[PDB]
Amino acid sequence: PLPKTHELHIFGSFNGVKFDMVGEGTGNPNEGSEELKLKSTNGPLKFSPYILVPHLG
Amino acid sequence: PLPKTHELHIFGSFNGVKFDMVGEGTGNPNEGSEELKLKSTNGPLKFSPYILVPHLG
Amino acid sequence: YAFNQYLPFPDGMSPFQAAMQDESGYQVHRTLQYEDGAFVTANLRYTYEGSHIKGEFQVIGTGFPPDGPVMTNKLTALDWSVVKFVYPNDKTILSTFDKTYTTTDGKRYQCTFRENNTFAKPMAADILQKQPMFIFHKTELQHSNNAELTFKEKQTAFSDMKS
Amino acid sequence: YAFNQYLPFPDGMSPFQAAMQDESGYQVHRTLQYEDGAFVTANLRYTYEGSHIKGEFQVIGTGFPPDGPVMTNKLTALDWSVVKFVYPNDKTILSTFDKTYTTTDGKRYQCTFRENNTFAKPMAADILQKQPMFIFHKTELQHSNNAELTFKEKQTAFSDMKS
């Protein structure tokens with residue numbers, strides 16, 4: 001089927017320091033619209049969350 | 001101490017197809033010289049081994 | 001963008017949608033070069049449970065100046081963008097754009113983005129016949145803290161425009 | 001190159017060597033742009049056991065044309081290179097070079113190579129005083145078959161040259 005829901009595990013490191021987030025979202029595959037909520041599984045990100053935006057959906 | 005020997009696990013994908021190699025070598029940390037032997041853990045590489053050379057030591 | 005299974009094409013399914021529907025799939029590889037010498041690399045991988053997608057995204061960035069807008073939280077928004085797709089072969093999309101953020105001091109922060117989408121099975125002839133394909137990309141981000149985020153996106157594929 | 005713990009500097013240990021000696025270590029991140037649009041990204045990680053190093057290297061490439069020099073075994077040698085290091089901050093090396101191979105087509109196959117080495121602890125002040133640092137790099141590959149390789153390297157660090 002076409003998608004209706006999604007979950008994401010996004011992780012890696014910035015400047016040598018690990019990060020890890022999880023969350024879930026939805027979208028309309030007939031309209032190209034999507035939304036997502038994410039939370040760090042550790043502390044706050046040490047870098048701008050905007051740097052992740054192109055890797056979100 | 002300075003290094004005398006090393007082992008390598010090098011893996012990943014090229015054009016979406018996984019590869020995996022393991023091996024070991026030696027070097028002289030006073031002269032900047034190194035040697036390595038590697039072997040695929042699957043079959044032969046599907047791409048030119050020269051593409052890995054820059055990531056060997 | 002990162003879940004292009006939600007993107008339709010102008011006259012039918014996008015190749016991303018077709019590869020989910022037929023259970024063959026694709027993988028995503030990216031390299032992003034920032035103006036201040038930093039770079040980000042990423043690998044996006046998916047699994048599926050029917051209409052539900054599971055993403056595993058590994059994003060690695062290095063060389064960001066400690067006093068620059070990334071490490072000091074000065075990015076304010078991602079500019080709207082137009083992404084260009086061409087298909088160098090039947091299993092590969094090369095995606096490019098110039099990516100810019102606005103910042104708190106009024107300068108833009110620039111990046112050159114490159115992406116390959118690698119498909120297990122060839123894309124359909126009707127996809128391959130229309131190149132380039134362009135995608136208009138709008139995003140929004142809220143976050144009260146650097147701990148939780150709310151993201152929204154709207155994309156529209158187009159190969160033409162008139163006036 | 002990929003095990004710079006074997007590289008001395010002209011007047012003493014390289015930062016790579018100092019980082020092994022205290023086991024604080026460093027991580028390597030790379031992006032490599034090929035002339036025919038393909039790119040490679042890599043993450044190299046190490047652990048230390050006495051005089052023995054263990055490397056875990058993840059190398060991902062995409063967009064190599066099926067009829068190009070990488071997928072049709074045209075590469076014949078890596079050209080000797082000079083790598084340039086500068087240190088944007090006390091925990092970061094930015095390494096660059098233009099990387100070329102000879103090929104069976106009588107042409108070279110070109111790549112723009114970028115690397116960050118990110119250190120857990122600051123590099124010593126005496127390292128930081130000598131910039132740029134350059135590294136002459138020679139390699140040899142023996143490969144009767146593509147499953148079994150033998151590699152050799154020699155590197156020499158220099159910040160100066162006279163004549």
Side-chain angles (χ1 to χ4, degrees), chain A, chain C residues 1-8 13-14 17 20-21 30 32 38 40-42 44 48 50-64 66 69-78 81 99 101 111 113 135 137 139 141 143 145-157:
Chain A
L2 291 176
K4 302 180 192 178
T5 65
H6 64 282
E7 62 186 277
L8 176 59
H9 174 223
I10 181 167
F11 61 91
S13 63
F14 274 80
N15 288 3
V17 177
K18 296 185 177 177
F19 79 97
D20 189 281
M21 318 185 79
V22 296
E24 61 291 303
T26 68
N28 183 341
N30 302 120
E31 289 189 5
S33 61
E34 308 165 42
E35 65 89 8
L36 176 77
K37 284 177 211 166
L38 280 180
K39 303 189 190 148
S40 173
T41 62
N42 191 341
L45 300 181
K46 295 299 216 151
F47 54 85
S48 172
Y50 279 96
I51 208 59
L52 301 179
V53 162
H55 309 109
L56 304 183
Chain C
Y1 61 94
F3 287 93
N4 278 1
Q5 304 93 333
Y6 287 114
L7 174 65
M13 280 188 295
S14 69
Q17 288 180 332
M20 176 174 174
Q21 284 276 39
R30 294 170 173 194
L32 282 61
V40 166
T41 66
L44 321 182
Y48 304 97
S51 66
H52 185 61
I53 315 165
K54 301 193 182 198
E56 287 285 337
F57 296 3
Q58 182 186 53
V59 182
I60 309 295
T62 57
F64 288 96
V70 172
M71 302 306 295
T72 69
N73 289 272
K74 303 291 195 287
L75 304 182
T76 57
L78 178 65
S81 70
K99 181 185 80 153
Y101 298 91
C111 175
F113 174 110
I135 320 294
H137 180 236
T139 68
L141 184 74
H143 74 291
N145 60 29
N146 267 217
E148 314 194 8
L149 310 181
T150 300
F151 162 91
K152 309 186 215 170
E153 139 162 71
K154 173 65 183 198
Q155 295 194 107
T156 303

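Letters A, B, ... mirror the listed sequences (proteins, then strands); counts begin at 1. Quick note: numbers below take in every heavy atom, side chains included, and nothing from hydrogens, waters or symmetry partners.
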Take C/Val40 and A/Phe14, measure what side-chain contact (heavy atoms from CB on, under 4.5 Å) needs, and give me the verdict at the end.
CA-CA 9 Å; C/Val40 166; A/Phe14 274 80; 3.8 Å; yes
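- Atom CZ in C/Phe151 sits 13.5 Å away from atom NZ in A/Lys37 (nearest 0.5 Å).
- The shortest non-hydrogen separation linking A/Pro54 to C/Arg30 is O-NH1, 2.8 Å.
- The most heavy-atom pairs under 4.5 Å with chain A, out of C/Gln155, C/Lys152, C/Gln58, C/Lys74, come from C/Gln58.
- With a 4.5 angstrom heavy-atom cutoff, C/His52 touches chain A via backbone and side-chain atoms both.
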Side-chain atoms of residues 44-51 of chain A: list all donor-acceptor pairs with protein atoms under 3.5 Å, sequence neighbours left out, distances to 0.1 Å.
{"unit_1": "A/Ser48", "atom_1": "OG", "unit_2": "A/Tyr50", "atom_2": "N", "d": "3.1"}
{"unit_1": "A/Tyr50", "atom_1": "OH", "unit_2": "C/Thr76", "atom_2": "O", "d": "3.1"}
{"unit_1": "A/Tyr50", "atom_1": "OH", "unit_2": "C/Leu141", "atom_2": "O", "d": "3.4"}

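- C/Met13 CE to A/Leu2 CG: the interatomic distance, rounded to the nearest 0.5 Å, is 7.5 Å.
- In terms of heavy-atom pairs under 4.5 Å with chain A, the best-connected choice from C/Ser51, C/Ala38, C/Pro8 is C/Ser51.
- Contacts of A/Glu24 with chain C are absent, with no heavy-atom separation under 4.5 Å from either backbone or side chain.
- Between chain A and the residues C/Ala42, C/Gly55, C/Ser14, C/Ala77, the most heavy-atom pairs under 4.5 angstrom are made by C/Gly55.
- Here C/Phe3 contributes atom CZ and A/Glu7 contributes atom CD; the two are 8.5 Å apart, rounded to the nearest 0.5 Å.
- Of the listed residues (A/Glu34, A/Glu35, A/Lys39, A/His9), the greatest number of heavy-atom pairs within a distance under 4.5 Å of chain C belongs to A/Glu34.
- The most heavy-atom pairs under 4.5 Å with chain C, out of A/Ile10, A/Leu8, A/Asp20, come from A/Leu8.
- Contacts between A/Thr26 and chain C at a heavy-atom distance below 4.5 Å involve the backbone alone (N, CA, C, O).
- Of the listed residues (C/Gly50, C/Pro66, C/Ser81), the greatest number of heavy-atom pairs within a distance under 4.5 Å of chain A belongs to C/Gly50.
- A/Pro29 and C/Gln5 get closest at one heavy-atom pair: CB-O, 4.1 Å.
- Taking C/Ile60, C/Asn4, C/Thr139, C/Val59 one by one and counting their heavy-atom pairs under 4.5 Å with chain A, the maximum is reached by C/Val59.
- Using a 4.5 Å cut-off between heavy atoms, A/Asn15 touches chain C through backbone and side chain atoms alike.
- Between chain A and the options C/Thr150, C/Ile135, C/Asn145, C/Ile53, the largest number of non-hydrogen pairs under 4.5 Å is found for C/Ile53.
- Using a 4.5 Å cut-off between heavy atoms, C/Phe64 contacts chain A through both its backbone and its side chain.
- From C/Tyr6, atom OH reaches atom CG of A/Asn30 across 12.0 Å, with rounding to the nearest 0.5 Å.
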